[PDB]
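No value in this document is a laboratory result; all are computed from the given coordinates. Here Cβ is always computed from backbone atoms with ideal geometry, including for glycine, and neighbour counts include all displayed protein chains.
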């Protein structure tokens, strides 16, 4: 369990890195609105190695691995919300600096640029619970992959 | 081992389908020239 | 009280040359009749001994460490002026009225917004493109978007519009060159920040981290840019005047000046200053090894100067700001300040440095402030261009208003004398 | 041997004499400012020798032009563009093997990177071709960062030169395709330089392009006639920017911006506009010849006069005759524009006003009429000058670097305000 300082650095680093490179947004631009979100999630996820070639170098230092971990925890939230916006033809929301991980995902997914989005702490806290229940399950097909 | 007709249909069908959708070319357009080829191969392969 | 020079050309021929005395006792002889009356030209290596123009803009004396914009000492403009006030002074000749500095800074605010089509041109540059390629190429493009700017016979109204558009858009486009390199989305300029603050926002604000406008950083940037605003005649300023003398657009003449500034021989523009500080940090932060081994460059790394003997009069002012910037962030006991002080006190006390007059110049300190702000090495010459821009513009405008003729020098031919074309068959 | 210069006070200095291989004479003011504190004063460098050069001999008094001692008339009649480019750059007529090597390397490098094509995608069809040409040439330093790295190997430099000669042709054709909304052509490796340019520009899918050997010949000749002209403004820009060790790409981009100015290469566009205006007015050419003499009527005789030629321009005399031949060879009998042009020269050359002021047609006066006849629109005329002058720019840059010229740092005489104290805003 992290100390208050460990969780604040971990969650702060994740917040910083939720911004996805403009070139990945332009790759995303190529996908028709009809594309299944999972095609985009998997496709943009393997493009990250191309943008972060240090991630596949031999001799990963612990510091380098820590940076890959916060990059992927951050950017998965952003790209996941892109896959929804793509299906409905809405503009992409930039992530916010002031929202916690789950609130920021809900904002990126459901906010319009046409009005302040009302964040419902009931939905934020229900999403925290659902993600926690799915966080790990030992040696299933996806984890073994 | 294919008969002459099986290999000709198999190799003919492959020839027809070597053309990649214009939208996949536009996804490809997004990748910087510096990107490692394996990033593009894997990424375009899961877009299919 | 007018003098004359007498030139006695071998063969017995002689000419009287009128002497021109400037307002700081710089003397020239007028060779305006030399070729037509004698058949002779001067031969001058790198124009080192040639008065290309008369300027009311900037007086510089390197032996006496003096520098003035329009008579006003550099020390007093830096400590008390603002970049746009100094831009107005350099360009229009006097310290502005309250209404003048208001309208100028207001018109610049309105025009910092760059056309969507120039943003689409910018979209094509890969993220790895050196920022100076993008700065020079997009400045170049502006003449295409503002064709009126290469019209013959532009109203002074039109020329003033060109001047605010470029002062405005240079800051936007410089911020784009940084965003491109880190993959960040472009910021729209804001209507409610002043010139330097809007630049820092456009450069450093990004959706996932709070950007607060620190007034100490604003004050430091205003002094950096003031101190780079003009430096008399030099390669890049001469380029801007020469391209301008052909009636090129201001945009085209500045594009050419940027490419001159990019040259590693220019002086000042030396992104090796930030490179120095980084190479040392990575090598465990030990100065006295890089210094030791960088003997067995130096002008490229913020040490010494071509014009100024003894000391750079801009250096000791930006030294102050460099200290306030380090303390306004959390860097009082950082590797930067440590590495900085070791280098500087090799310069200011190691005799080898006192011998070859390698004192820290304004860019040694500028490179420290820039490294402090997280401005990368490949942006150093862009920050130089952004400061020098109003000087370029003032030098271009003076050149136009004095209706200087096209710069078209002569040569002495030292090639082959007349010989007939040999058709390809009859050669080898 | 020396000239002797007597200044007020006892001061006297011996300025050495230098005489070139065509008896052009200068005295060396190299040490003037260090020995005396004086400079020359010389507006537009009408009296200053910028350099020694073996590239091109220009006798403005007699109207003589040679490239490396080869008469222009003989090269224009019998040589080709790339042969002249080779001779200008490398200093001799190529052997059969050298010219095949040079044109072969140039053919390979004609393909422009897909990211430069995408930058080009951003320019609207309304953009003046020269904005596009200057902006993309500028971008090239971004794509070939080795070209600005210090210690260029001769091999490195040679690859820069072939890259630029090649890509200027492809990009110049893009600027035309942009204006008419046609898809870009890829270069064709089975076509010579001029035919490849003509195919890239004029081939479009819905009309059979035939390579016309008359058009290919006419283009080779015009490009040769534009190839070099000694120390003109744009060439002086390329050397100045280049003396800072800027990339060839950056130096040539600054050159293109100088050439665009109406007082330089931009004049060819204005000449054709004058001939069309006289065509439209319908009026006697003698009317405009009088208007031309009328100190301020609004009407200047464009394409007459030159800084150096006080006589016929040999390039104008060749293009005048070739315009007749080409229009005849293409079935364009009696160009109304050619008649007005030949009538303007007829009246001007016999009219004492013009003869006393040494006002003859220059290269710009007849060139538009031939470009027009090849299918080249007015807004491409200065692009065609840039494509011709390129190898001259390259030759001049290359010789400037091989001579190890120091950075170009012209001087001023200050004529502005003496030390005056900063006056805060509230006190003004």
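Here region A:26-109 is treated as a sphere whose radius is the Kirkwood value from Cα pairs; by Stokes-Einstein at 4 °C and 1.567 mPa s it diffuses with a coefficient of 93 µm²/s. For the pair residue A:11 and residue D:358, a Förster radius of 51 Å applied to the C-beta separation gives a FRET efficiency near 0.05, rounded to the nearest 0.05.
Show log10 I(q)/I(0) for chain A at q = 0.09, 0.10, 0.19 Å⁻¹, two decimals, from a solvent-free Debye sum over equal Cα scatterers. Values, matching the q order: -0.31, -0.39, -1.40.
Label reach from residue D:74 (point 7 Å along Cα→C-beta): in region D:38-61, amide nitrogens under 20 Å belong to D:54-60. All Cα-Cα separations within region D:338-383 were binned at 10 Å from zero, giving a P(r) of 25, 44, 24, 8, each value a whole percent of the pairs. The modelled label-to-label distance between residue B:24 and residue C:103, using points 7 Å beyond Cα along the C-beta direction, is 6.2 nm. With the convex hull drawn around the C-alpha atoms of region C:269-376, the volume per residue stands at 95 Å³. The Kirkwood hydrodynamic radius of region C:97-179, based on inverse pair distances between different Cα atoms, is 13.9 Å. What the Kirkwood sum gives for region C:224-264 is a hydrodynamic radius of 10.5 Å, with every pair of different alpha carbons counted.
In chain A, the DSSP-assigned H stretches of four residues or longer account for a calculated mean residue ellipticity at 222 nm of -20000 deg cm²/dmol, using -39500 (n - 2.57) per stretch and the full residue count as denominator. Computed with the Debye formula from one identical point scatterer per Cα of chain C, without solvent, the log10 of I(q)/I(0) at q = 0.09, 0.14 Å⁻¹ comes to -0.63, -1.34. For the protein assembly as shown, go through all pairs of different Cα atoms, get the mean of 1/r, take its inverse, and jot down that Kirkwood value in Å. For the protein assembly as shown, the Kirkwood estimate is 31.8 Å. Within region C:155-212, the ratio Rg/Rh, alpha carbon atoms throughout and Rh by Kirkwood, equals 1.07.
Normalised by 2.2 N^0.38 Å, where N is the number of residues, the C-alpha radius of gyration of region D:305-428 stands at 1.71.
Note down the Stokes-Einstein diffusion coefficient of region D:158-293 in µm²/s, whole number, using a Kirkwood radius over alpha carbon pairs, 20 °C, and 1.002 mPa s. Roughly 120 µm²/s, to the nearest whole number. In this entry, region C:1-50 is assigned a mean projected area of 4.3 nm², taken as a quarter of its C-alpha convex hull surface.
The angle separating the long axis of helix B:4-16 from the principal Cα axis of greatest extent in chain B is about 20 degrees. Report the Cα centroid-to-centroid distance between region D:106-175 and region A:1-46 in angstrom, as an integer. Centre-to-centre distance over Cα atoms comes out at 36 Å. For region C:108-149, the alpha carbon convex hull comes to 87 Å³ per residue, rounded to a whole number.
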